[PDB]
């Protein structure tokens, strides 16, 4: 079922918290990006001594997937060690809008099983696109 699959994706994103490279913030974030073909891509945040070159977990998952030729995504899970479900930052929301349909579901996870259901469009309303370039 869709709910049982979502729990395996949640597990993938939560396990990513243990793989994060965060020696400066000590704030791990995990992601599970799911393709239309069923393949999952796990993302971690990856920091840099120069903070601005840090890459978020959500973007790591997209860059992994897109590098393998993936262009059709059906779900994204993001997890954090947070009392409420973790929130993707605006930069990640913009990468999500580049590759995903507006109505693609996004599940946000925090500690102690808390979750929030949303979509790409709800996280980034009136999204900037390539339309006018």
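Positions refer to the first chain, counted from 1.
As the entry records it, the average C-alpha temperature factor is higher for 103-111, out of 90-98 and 103-111. When 54-62 is weighed against 73-81, 73-81 comes out higher, by mean CA B-factor as recorded in the entry. When the modelled residues of the chain are ordered by their C-alpha B factor, residue 43 lands in the middle third. In the PDB entry, residue 117 places in the highest third of its chain by CA B-factor.
Sort the modelled residues of the chain by CA B factor and residue 20 lands in the middle third.
Sort the modelled residues of the chain by CA B factor and residue 13 lands in the lowest third.
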